[PDB]
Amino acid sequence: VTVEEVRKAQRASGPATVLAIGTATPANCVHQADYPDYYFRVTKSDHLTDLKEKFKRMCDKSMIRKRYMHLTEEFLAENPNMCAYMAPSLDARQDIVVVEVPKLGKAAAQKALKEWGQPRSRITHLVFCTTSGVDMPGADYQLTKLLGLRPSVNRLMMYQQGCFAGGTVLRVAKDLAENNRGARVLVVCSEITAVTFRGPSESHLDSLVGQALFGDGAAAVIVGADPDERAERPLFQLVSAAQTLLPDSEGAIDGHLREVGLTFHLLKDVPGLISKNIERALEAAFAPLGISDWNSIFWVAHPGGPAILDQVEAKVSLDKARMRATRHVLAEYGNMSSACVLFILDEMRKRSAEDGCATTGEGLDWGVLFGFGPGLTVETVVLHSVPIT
């Protein structure tokens, strides 16, 4: 009868908890050892032998062993506008991603739901995040139909976000789960590089870097507060989430949706900008918790490129073991934009079980998740591990 009464009956008690993770990728695998030859072949750029030597360096130094890509040679050969550096092609790219992004996210969400063990109808919110394609109704609507979620699911469609949004979706799901008693949030990031694939331009080497780094993939997490201990198995606790813009980082990471598709700009200051600011972000997150030793917490960081992990490592004097879960996902999947950190969370807890650690976070109790992206924005999520019996 009163709003205060509704607010007490509404709202949950405990902190947002990750209850399941699942991941999926296209079946087409592309090995980095073959990509320089493959890429310069299908883009009819073999005559640019000087540029091809540069690409061989980037692919050799990428610390990427393989990527999964929906795009095939057979398809590209039928789509020369997408193989040119810059040709009319947004319509052709949209036709792929508008169908394939929700399709890939469905593959990931099914695995998360399966491990969750609860009926799909219990899912109350859906947070769908992509950086490839836009459409009305959005990919959130398509996924809802594909999975058969209830029609009254509360959907949040995060479009054209960039690579920091892996942390964004957890910050979003945290407030949804925590403010709504019983809420169970399905979170899906799904990325498909058909929107960004393009040929090589000697005058835009930062775009060439994108071609050596970005890959396809989707990851799904189910987040909820007040877990049913009898039926749900917690993995991580979401303690706090923050976003920030880095000083003097204007223009560091740009991306425009145009008739030639999604373009990509990237300054060489990106590794320096992140490494030089990461400690301010760590202090902001962990000082109120009383934590100052960055080697005593587990680490999840978006692997924008190997140079970012190298310079964050050196700047903060991390032990090589702390970036292992991050470097493994980079090596085995490449840069999947917003889905990366969720993949790393999945790899963190799996290895923690296989190795016999005390917790899902490599035996450590507290952890941090970092997303980096256009802004330059940095998303920081404090995590807490769960004991492994």
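Don't overthink the numbering: it's just position in the shown sequence, from 1.
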item: Per the entry, higher mean C-alpha B factor between 219-227 and 182-190; value: 219-227
item: Segment of higher mean CA temperature factor, 285-293 or 136-144; value: 285-293
item: Selection by C-alpha B-factor (highest) of 79, 154, 211, 311; value: 79
item: Criterion, highest CA B-factor; candidates, 167, 162, 119, 102; value: 119
item: Position of residue 334 among the chain's modelled residues by C-alpha B-factor, lowest, middle or highest third; value: lowest
item: Ranked against its chain, the third holding the CA B-factor of residue 10; value: highest
item: Cα B factor band for residue 268 (lowest, middle or highest third within the chain); value: highest
item: Residue 254 CA temperature factor, ranked by third within the chain; value: highest
item: Ranked C-alpha temperature factor of residue 70 among modelled chain residues, by third; value: middle
